[PDB]
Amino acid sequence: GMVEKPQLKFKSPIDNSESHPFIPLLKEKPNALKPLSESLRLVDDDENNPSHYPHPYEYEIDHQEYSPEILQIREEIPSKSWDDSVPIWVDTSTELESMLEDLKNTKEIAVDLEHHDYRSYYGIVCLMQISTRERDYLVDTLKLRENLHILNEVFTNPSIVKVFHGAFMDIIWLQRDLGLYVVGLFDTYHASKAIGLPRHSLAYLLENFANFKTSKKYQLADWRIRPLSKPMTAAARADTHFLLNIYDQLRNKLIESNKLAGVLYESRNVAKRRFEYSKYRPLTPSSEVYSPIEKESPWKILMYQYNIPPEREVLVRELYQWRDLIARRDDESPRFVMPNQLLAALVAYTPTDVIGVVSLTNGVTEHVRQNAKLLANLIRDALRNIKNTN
């Protein structure tokens, strides 16, 4: 189908202006050790990062102690029979409240998310998966975007472990879109490594500790679609349904070899990661701060050198910033607006009129089509400031 952009229905309009450092959406702060007060402030300019807001839970992450039974070798609890229950779909404030209530009675929960980045500028969280020892929940993060902040009561309670596999981006996506933070994280990815298993992916873990062959076919899927296809629903459910058992086995092995503290330390840092707009990204890019990364050709003249002539660097760069503003304007992803191959094609063939732009051998996107004149004008200008100068 056409899949009506779900953003259009958000209670708060998206902003790609990037006119200010990223601000946490967190209006409340449970399981607090340091009042939300201090949190919302700033960290005025320095040589390692311009003004920015800090991670609203950085403190508690460092200062709050872990759940006792995490340091003990406990008997592993098998995942529950896939067929004994159906995944609970959550898309109402009521459906959401009963789950929260239910989540508060746990010692630990497994969590995962599905994200979309083709019809959005920064990207958006379309689905969230949460598993307890008894059931699997499927949360529509699109429809409950403005409500999911109440989950903090559980996600920040150090007395409930939260299991994620390689949550380095989940932590980011969670704050950026839902204002959710995580205190008491256990990353099965960092655990796999410490133990030294042949591979460290979730797929690997599922096949060897839960006999479940996974599918990469849904990491290109459009998680915006409603309802979700059975095969899609199953894949999402499979991401947290077996994680708590896998968690038990890894935690125990980590304990048995004196490597837990190391894994917990690694997890605390993944949880501490902060989301900041590219504009205000730290000078020295690291794993403590995450700034939007471009999924395509080098910033200017692409390295993919489709045999990109000398002078055409300016043309190329004008096309880039143009595509970015357009993407930021209609809140789309750069490749949707115009994929590099096309950017290249334009630069490579330098069409000077609308015909030339829309009949461009490779093919054309809607944005390129709906802006063919501006693009022909821009291209024609390049070809001219090239003939002039020298």
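We number the residues from 1 along the sequence you see.
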| query | finding |
| --- | --- |
| Of 43-51 and 333-341, the one with larger mean CA B-factor | 43-51 |
| Of 118-126 and 92-100, the stretch whose C-alpha atoms average the higher B-factor in the entry | 92-100 |
| Out of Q321, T352, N362, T365, highest CA B-factor residue | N362 |
| C-alpha B-factor winner, where the candidates are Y204, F155, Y306, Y265 | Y306 |
| Chain-relative CA temperature factor third for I301 | highest |
| Chain thirds of CA B-factor: placement of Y218 | highest |
| Within-chain third of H20 by Cα B-factor, per the entry | highest |
| Cα B factor band for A382 (lowest, middle or highest third within the chain) | middle |
| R237 CA temperature factor, ranked by third within the chain | lowest |
